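Next comes my_file-v9.pdb, with PDB, C-alpha atoms.
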```
ATOM      1  CA  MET A   1      10.604 -25.808  21.401
ATOM      2  CA  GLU A   2       7.370 -26.775  19.654
ATOM      3  CA  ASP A   3       5.736 -23.478  20.647
ATOM      4  CA  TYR A   4       8.640 -21.553  19.109
ATOM      5  CA  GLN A   5       8.289 -23.485  15.844
ATOM      6  CA  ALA A   6       4.528 -22.889  15.793
ATOM      7  CA  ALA A   7       5.035 -19.166  16.412
ATOM      8  CA  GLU A   8       7.643 -18.988  13.641
ATOM      9  CA  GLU A   9       5.310 -20.773  11.214
ATOM     10  CA  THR A  10       2.380 -18.518  12.162
ATOM     11  CA  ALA A  11       4.396 -15.271  12.142
ATOM     12  CA  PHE A  12       4.901 -12.873   9.230
ATOM     13  CA  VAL A  13       8.645 -13.177   8.661
ATOM     14  CA  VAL A  14      10.100 -10.145   6.893
ATOM     15  CA  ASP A  15      13.023 -11.968   5.256
ATOM     16  CA  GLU A  16      11.014 -14.608   3.374
ATOM     17  CA  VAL A  17       8.464 -12.075   2.112
ATOM     18  CA  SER A  18      11.324  -9.789   1.058
ATOM     19  CA  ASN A  19      12.893 -12.662  -0.886
ATOM     20  CA  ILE A  20       9.502 -13.378  -2.476
ATOM     21  CA  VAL A  21       9.113  -9.743  -3.544
ATOM     22  CA  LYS A  22      12.692  -9.627  -4.849
ATOM     23  CA  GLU A  23      12.140 -12.775  -6.917
ATOM     24  CA  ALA A  24       8.850 -11.396  -8.253
ATOM     25  CA  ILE A  25      10.532  -8.124  -9.251
ATOM     26  CA  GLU A  26      13.399  -9.975 -10.939
ATOM     27  CA  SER A  27      11.074 -12.312 -12.852
ATOM     28  CA  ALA A  28       8.493  -9.742 -13.965
ATOM     29  CA  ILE A  29      10.803  -6.802 -14.725
ATOM     30  CA  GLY A  30      14.355  -8.076 -15.074
ATOM     31  CA  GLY A  31      16.875  -5.844 -16.804
ATOM     32  CA  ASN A  32      14.328  -4.460 -19.252
ATOM     33  CA  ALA A  33      14.343  -0.742 -20.009
ATOM     34  CA  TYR A  34      11.442   1.526 -19.099
ATOM     35  CA  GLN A  35       8.333   1.376 -21.293
ATOM     36  CA  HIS A  36       5.065   3.099 -20.397
ATOM     37  CA  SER A  37       3.033   0.351 -22.084
ATOM     38  CA  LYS A  38       4.713  -2.376 -20.004
ATOM     39  CA  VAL A  39       4.164  -0.711 -16.608
ATOM     40  CA  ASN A  40       0.696  -2.263 -16.298
ATOM     41  CA  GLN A  41       1.949  -5.755 -17.152
ATOM     42  CA  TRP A  42       5.007  -5.574 -14.887
ATOM     43  CA  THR A  43       3.048  -4.227 -11.909
ATOM     44  CA  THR A  44       0.221  -6.742 -12.327
ATOM     45  CA  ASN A  45       2.740  -9.582 -12.595
ATOM     46  CA  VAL A  46       4.828  -8.523  -9.576
ATOM     47  CA  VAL A  47       1.593  -8.350  -7.578
ATOM     48  CA  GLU A  48       0.311 -11.716  -8.823
ATOM     49  CA  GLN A  49       3.397 -13.853  -8.209
ATOM     50  CA  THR A  50       4.056 -12.028  -4.927
ATOM     51  CA  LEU A  51       0.541 -12.991  -3.812
ATOM     52  CA  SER A  52       0.971 -16.546  -5.109
ATOM     53  CA  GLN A  53       4.252 -17.064  -3.248
ATOM     54  CA  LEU A  54       2.771 -15.515  -0.096
ATOM     55  CA  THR A  55      -0.223 -17.870  -0.265
ATOM     56  CA  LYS A  56       1.976 -20.908  -0.974
ATOM     57  CA  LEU A  57       3.568 -20.341   2.446
ATOM     58  CA  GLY A  58       0.357 -21.646   4.026
ATOM     59  CA  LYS A  59       0.335 -18.979   6.732
ATOM     60  CA  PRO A  60      -3.113 -17.691   7.840
ATOM     61  CA  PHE A  61      -2.364 -14.162   6.636
ATOM     62  CA  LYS A  62      -4.486 -11.866   4.481
ATOM     63  CA  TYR A  63      -1.788 -10.720   2.059
ATOM     64  CA  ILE A  64      -1.817  -7.173   0.661
ATOM     65  CA  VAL A  65       0.690  -6.348  -2.089
ATOM     66  CA  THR A  66       1.119  -2.997  -3.858
ATOM     67  CA  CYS A  67       3.603  -2.263  -6.648
ATOM     68  CA  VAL A  68       4.817   1.066  -8.053
ATOM     69  CA  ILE A  69       7.095   1.379 -11.094
ATOM     70  CA  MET A  70       8.533   4.758 -12.081
ATOM     71  CA  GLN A  71      11.138   5.855 -14.610
ATOM     72  CA  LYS A  72      14.258   7.646 -13.383
ATOM     73  CA  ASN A  73      14.227  11.314 -14.400
ATOM     74  CA  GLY A  74      15.831  13.047 -11.416
ATOM     75  CA  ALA A  75      12.535  13.157  -9.508
ATOM     76  CA  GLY A  76      12.727  12.369  -5.810
ATOM     77  CA  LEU A  77      10.762   9.312  -4.703
ATOM     78  CA  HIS A  78       9.423   8.901  -1.162
ATOM     79  CA  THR A  79       7.129   6.079  -0.022
ATOM     80  CA  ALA A  80       5.826   6.205   3.552
ATOM     81  CA  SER A  81       3.191   4.005   5.170
ATOM     82  CA  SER A  82       1.977   3.997   8.776
ATOM     83  CA  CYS A  83      -0.694   1.585   9.992
ATOM     84  CA  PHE A  84      -2.230   0.262  13.216
ATOM     85  CA  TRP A  85      -2.732  -3.447  13.911
ATOM     86  CA  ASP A  86      -1.760  -6.141  16.414
ATOM     87  CA  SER A  87       2.037  -5.967  16.177
ATOM     88  CA  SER A  88       2.331  -9.394  17.833
ATOM     89  CA  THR A  89       0.871 -11.239  14.818
ATOM     90  CA  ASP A  90       0.825  -8.960  11.759
ATOM     91  CA  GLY A  91       3.887  -7.663   9.943
ATOM     92  CA  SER A  92       4.974  -5.568   6.987
ATOM     93  CA  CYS A  93       7.862  -5.500   4.524
ATOM     94  CA  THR A  94       9.100  -2.619   2.354
ATOM     95  CA  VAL A  95      11.352  -3.540  -0.584
ATOM     96  CA  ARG A  96      12.817  -0.918  -2.928
ATOM     97  CA  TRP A  97      14.311  -1.996  -6.266
ATOM     98  CA  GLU A  98      16.005   0.211  -8.842
ATOM     99  CA  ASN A  99      18.167   0.031 -11.955
ATOM    100  CA  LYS A 100      19.716   2.500 -14.390
ATOM    101  CA  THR A 101      16.282   3.186 -15.900
ATOM    102  CA  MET A 102      13.356   2.955 -13.445
ATOM    103  CA  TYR A 103      12.551   2.805  -9.750
ATOM    104  CA  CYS A 104      10.416   0.038  -8.247
ATOM    105  CA  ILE A 105       8.960  -0.139  -4.728
ATOM    106  CA  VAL A 106       6.752  -3.083  -3.723
ATOM    107  CA  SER A 107       5.080  -3.320  -0.306
ATOM    108  CA  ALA A 108       3.681  -6.623   0.975
ATOM    109  CA  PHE A 109       1.368  -6.649   4.002
ATOM    110  CA  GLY A 110       0.491  -9.786   5.942
ATOM    111  CA  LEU A 111      -2.485  -9.485   8.295
ATOM    112  CA  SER A 112      -3.758 -12.293  10.509
ATOM    113  CA  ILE A 113      -7.307 -13.451   9.814
TER     114      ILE A 113
ATOM    115  CA  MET B   1     -34.033  -2.275   9.828
ATOM    116  CA  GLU B   2     -31.805  -2.639  12.886
ATOM    117  CA  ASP B   3     -29.776  -5.358  11.153
ATOM    118  CA  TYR B   4     -29.213  -3.098   8.137
ATOM    119  CA  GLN B   5     -28.052  -0.244  10.379
ATOM    120  CA  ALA B   6     -25.682  -2.557  12.262
ATOM    121  CA  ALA B   7     -24.293  -3.905   8.981
ATOM    122  CA  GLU B   8     -23.737  -0.368   7.686
ATOM    123  CA  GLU B   9     -21.970   0.513  10.940
ATOM    124  CA  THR B  10     -19.739  -2.571  10.645
ATOM    125  CA  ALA B  11     -19.242  -2.167   6.882
ATOM    126  CA  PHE B  12     -16.160  -0.515   5.399
ATOM    127  CA  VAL B  13     -17.768   2.384   3.525
ATOM    128  CA  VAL B  14     -15.634   3.509   0.583
ATOM    129  CA  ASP B  15     -17.132   6.995   0.207
ATOM    130  CA  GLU B  16     -16.329   8.183   3.730
ATOM    131  CA  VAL B  17     -12.803   6.740   3.511
ATOM    132  CA  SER B  18     -12.283   8.661   0.264
ATOM    133  CA  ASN B  19     -13.599  11.832   1.912
ATOM    134  CA  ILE B  20     -11.236  11.319   4.864
ATOM    135  CA  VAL B  21      -8.279  10.794   2.514
ATOM    136  CA  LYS B  22      -9.163  13.934   0.547
ATOM    137  CA  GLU B  23      -9.495  15.980   3.747
ATOM    138  CA  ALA B  24      -6.174  14.658   5.065
ATOM    139  CA  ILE B  25      -4.379  15.477   1.809
ATOM    140  CA  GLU B  26      -5.927  18.958   1.645
ATOM    141  CA  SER B  27      -5.026  19.765   5.256
ATOM    142  CA  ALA B  28      -1.530  18.278   4.873
ATOM    143  CA  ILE B  29      -0.662  19.351   1.301
ATOM    144  CA  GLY B  30      -3.347  21.679  -0.065
ATOM    145  CA  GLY B  31      -2.200  24.187  -2.656
ATOM    146  CA  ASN B  32       1.482  23.951  -1.742
ATOM    147  CA  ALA B  33       3.876  22.989  -4.526
ATOM    148  CA  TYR B  34       6.285  20.050  -4.511
ATOM    149  CA  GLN B  35       9.492  20.185  -2.480
ATOM    150  CA  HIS B  36      11.742  17.127  -2.311
ATOM    151  CA  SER B  37      12.837  17.651   1.296
ATOM    152  CA  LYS B  38       9.225  18.294   2.363
ATOM    153  CA  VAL B  39       7.817  15.085   0.843
ATOM    154  CA  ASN B  40       8.488  13.230   4.099
ATOM    155  CA  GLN B  41       6.436  15.706   6.135
ATOM    156  CA  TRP B  42       3.566  15.797   3.626
ATOM    157  CA  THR B  43       3.298  12.008   3.418
ATOM    158  CA  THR B  44       3.535  11.687   7.205
ATOM    159  CA  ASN B  45       0.842  14.318   7.783
ATOM    160  CA  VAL B  46      -1.479  12.813   5.156
ATOM    161  CA  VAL B  47      -1.150   9.293   6.543
ATOM    162  CA  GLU B  48      -1.497  10.338  10.191
ATOM    163  CA  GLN B  49      -4.574  12.488   9.543
ATOM    164  CA  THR B  50      -6.115   9.648   7.528
ATOM    165  CA  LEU B  51      -5.367   7.118  10.274
ATOM    166  CA  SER B  52      -6.644   9.444  13.014
ATOM    167  CA  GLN B  53      -9.963  10.059  11.260
ATOM    168  CA  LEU B  54     -10.305   6.364  10.394
ATOM    169  CA  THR B  55      -9.739   5.445  14.049
ATOM    170  CA  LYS B  56     -12.263   8.112  15.067
ATOM    171  CA  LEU B  57     -14.722   6.190  12.886
ATOM    172  CA  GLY B  58     -14.530   3.329  15.393
ATOM    173  CA  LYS B  59     -15.166   0.492  12.942
ATOM    174  CA  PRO B  60     -13.780  -2.954  13.966
ATOM    175  CA  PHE B  61     -11.222  -3.183  11.163
ATOM    176  CA  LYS B  62      -7.443  -3.055  10.852
ATOM    177  CA  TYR B  63      -6.264  -0.210   8.626
ATOM    178  CA  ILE B  64      -3.309   0.197   6.263
ATOM    179  CA  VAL B  65      -2.642   3.616   4.712
ATOM    180  CA  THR B  66       0.149   4.398   2.239
ATOM    181  CA  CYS B  67       0.756   7.923   0.923
ATOM    182  CA  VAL B  68       2.970   8.452  -2.126
ATOM    183  CA  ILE B  69       3.994  11.837  -3.546
ATOM    184  CA  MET B  70       5.474  12.575  -6.972
ATOM    185  CA  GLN B  71       6.846  15.295  -9.213
ATOM    186  CA  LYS B  72       5.072  16.187 -12.458
ATOM    187  CA  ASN B  73       8.124  16.143 -14.738
ATOM    188  CA  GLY B  74       7.128  13.416 -17.197
ATOM    189  CA  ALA B  75       7.556  10.540 -14.740
ATOM    190  CA  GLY B  76       5.101   7.748 -15.483
ATOM    191  CA  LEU B  77       2.575   6.940 -12.761
ATOM    192  CA  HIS B  78       0.662   3.696 -12.222
ATOM    193  CA  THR B  79      -0.640   2.080  -9.028
ATOM    194  CA  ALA B  80      -2.274  -1.360  -8.952
ATOM    195  CA  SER B  81      -3.670  -3.064  -5.844
ATOM    196  CA  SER B  82      -4.647  -6.742  -6.002
ATOM    197  CA  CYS B  83      -4.579  -8.566  -2.668
ATOM    198  CA  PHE B  84      -6.149 -11.464  -0.757
ATOM    199  CA  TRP B  85      -8.749 -10.896   1.959
ATOM    200  CA  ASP B  86     -12.385 -11.785   2.650
ATOM    201  CA  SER B  87     -14.354  -9.514   0.315
ATOM    202  CA  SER B  88     -17.571  -9.730   2.368
ATOM    203  CA  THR B  89     -16.399  -7.389   5.149
ATOM    204  CA  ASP B  90     -13.008  -5.996   4.089
ATOM    205  CA  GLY B  91     -12.456  -3.378   1.403
ATOM    206  CA  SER B  92      -9.963  -1.004  -0.173
ATOM    207  CA  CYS B  93     -10.119   2.560  -1.492
ATOM    208  CA  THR B  94      -7.730   4.233  -3.947
ATOM    209  CA  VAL B  95      -7.850   8.038  -4.171
ATOM    210  CA  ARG B  96      -5.870  10.032  -6.743
ATOM    211  CA  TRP B  97      -5.190  13.715  -6.023
ATOM    212  CA  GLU B  98      -3.243  16.118  -8.230
ATOM    213  CA  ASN B  99      -2.419  19.768  -8.893
ATOM    214  CA  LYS B 100      -0.505  21.781 -11.501
ATOM    215  CA  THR B 101       2.860  20.224 -10.551
ATOM    216  CA  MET B 102       2.264  17.568  -7.869
ATOM    217  CA  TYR B 103       0.831  14.046  -7.592
ATOM    218  CA  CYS B 104      -0.294  12.394  -4.342
ATOM    219  CA  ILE B 105      -1.725   8.857  -4.401
ATOM    220  CA  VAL B 106      -3.086   7.371  -1.163
ATOM    221  CA  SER B 107      -4.530   3.868  -0.730
ATOM    222  CA  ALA B 108      -6.436   2.655   2.340
ATOM    223  CA  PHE B 109      -7.198  -0.954   3.311
ATOM    224  CA  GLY B 110      -9.518  -2.151   6.066
ATOM    225  CA  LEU B 111      -9.551  -5.783   7.215
ATOM    226  CA  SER B 112     -11.800  -7.449   9.778
ATOM    227  CA  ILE B 113     -10.299  -8.187  13.188
TER     228      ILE B 113
END
```

Structure translated into structure tokens:
Amino acid sequence: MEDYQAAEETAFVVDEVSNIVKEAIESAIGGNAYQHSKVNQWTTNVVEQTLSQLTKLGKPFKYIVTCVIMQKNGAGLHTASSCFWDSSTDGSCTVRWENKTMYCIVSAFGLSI
Amino acid sequence: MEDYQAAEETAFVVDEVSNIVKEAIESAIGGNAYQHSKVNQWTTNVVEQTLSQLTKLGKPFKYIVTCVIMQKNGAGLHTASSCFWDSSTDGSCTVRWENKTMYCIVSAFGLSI
């Protein structure tokens, strides 16, 4: 039982990181309309609090977070990412957020040290 | 002299990663225009060529490659990458590639095993 708890603590759980990214997106962006001047601030925020919440977990993971914000104008959006690592320890999480005005896709990567 | 050569071999060189990304995009996308249904194939080909060349490098790092493809129809573009690793041996490279009607942004991360 203790080994299972240790593995869970040391593993990159997708659900908690997804909740972290969702909360970061909600806090930084919210229901605000699209503004080209605010893309830098929103992306930098989302990244910063996503990293802060990932680090507050205490897991020995090198956290990589990327954020893309794009206005909705009928343009198709596709985000694909393939990587190679040790699938036993490292994990990834893809979260896509959208509203009436812009798209938002944030990817958080947790890699064991 | 030998130590410097070994360090260069075990260092994540940004220039060669950028060259690999450019070659992968050119061989996978090239002069072809944007097509919404074909974005999946272009992103997949770019990322797999990048990963294959990066593995053929043989450096002892774990790699993350994300390829993103856009339409040039007034959609705002901005990519920011702030993460948490050990900066002494791990690095990242962001390469922006564009043509008359198409955007393709690819980011590569390499982290020490």

Self-check item: Residues matched by the PyMOL selection byres ((chain A) within 8 of (chain B)), written as a ChimeraX atom specification
Solution: /A:36,39-40,43-44,47-48,51,62-73,75-85,113

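With atom CA of residue B:22 on one side and atom CA of residue A:90 on the other, the separation reads 27.4 Å.
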
Quiz item: Which one is closest to residue B:102: B:1, B:33, B:6, B:54? Count all atoms listed in the file.
Solution: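 For residue B:102, the nearest of the candidates is B:33.
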
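With only C-alpha atoms as the atoms that count, the residue of B:110, B:59, B:3, B:93 with the shortest distance to residue B:18 is B:93.
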
Exercise. For atom CA of residue B:17 and atom CA of residue B:99, quote the distance in Å rounded to one decimal.
Key: 20.8 Å

Quiz prompt | atom CA of residue A:10 to atom CA of residue A:24, distance in Å rounded to a single decimal | solution =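 So the answer is 22.6 Å.
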
Quiz item: Smallest atom-to-atom distance to residue B:56: which of B:28, B:95, B:20, B:13, using all atoms listed in the file?
Solution: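 Using all atoms listed in the file, the shortest distance to residue B:56 belongs to B:20.
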